[PDB]
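Novice: For reference, the structure I am asking about is given below.
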C-alpha cells in the first residue's frame, strides 16, 4: 500500500522523473511518485499508468509494462522498520550513494530502504 517513494538511506528516495528513474528527497511537485500494490503471491511496483520496476542484466535497471511473474513484478517485504525489494536471481534492489541504483545479491542496509507514503 504505497503512493510515494522508497527511501534509500541518507534522505533520498527512488522516485521516477521525465523518462527515467531518479532519487529525490520529497519536496516539490510530484507526478512521478510510486505505488506499491499486491499481485497474487507477490507485490508490484507501479508508476501511475503503465510501468513496473524492471531489471535487465549487467547492473542495468529500468521499468517495463504490465505482466505476471517476478523481475518485473516483485517480492518486497518489511524489515523491523525498513524494507527490502527482491526480484530474480535472488537479488534485492540497491541504491548506493556511489553507484546509484542497481541490485545486489547481499542483503543488510545497502539493499534495504524505508517506505514513504502520503
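Think of each number as a place in line: the chain as shown, counted from 1.
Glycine is treated like the rest: Cβ placed from N, Cα and C.
Taken from Swiss-Prot, the feature N-myristoyl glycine covers 2, and the record attributes it to experimental evidence. Under the heading region 'Contains several HHXH repeats', Swiss-Prot lists 8-109. Feature annotation from Swiss-Prot assigns region '2 X 13 AA approximate repeats' to 34-86. For 34-46, the entry in Swiss-Prot reads repeat '1'. Marked as repeat '2' by Swiss-Prot: 74-86.
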Novice: What residues in the same chain, six or more past the boundaries of the repeat '1' (34-46), come closer than 8 Å to it by Cβ-Cβ distance?
Specialist: 1-6, 14-16, 52-53, 68, 70, 73-76, 85, 115
Novice: Tally every other Cβ atom lying within 10 Å of the Cβ atom of residue 2 (N-myristoyl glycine).
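Specialist: A 10 Å sphere around the Cβ of residue 2 (N-myristoyl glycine) contains 19 other Cβ atoms.
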Novice: May I ask you to report the DSSP-based helix, strand or coil state of residue 2 (N-myristoyl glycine)?
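Specialist: The three-state answer is strand.
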Novice: Run through the region '2 X 13 AA approximate repeats' (34-86) and tell me, per DSSP, how many residues are helix, strand and coil.
Specialist: 0 helix, 32 strand, 21 coil
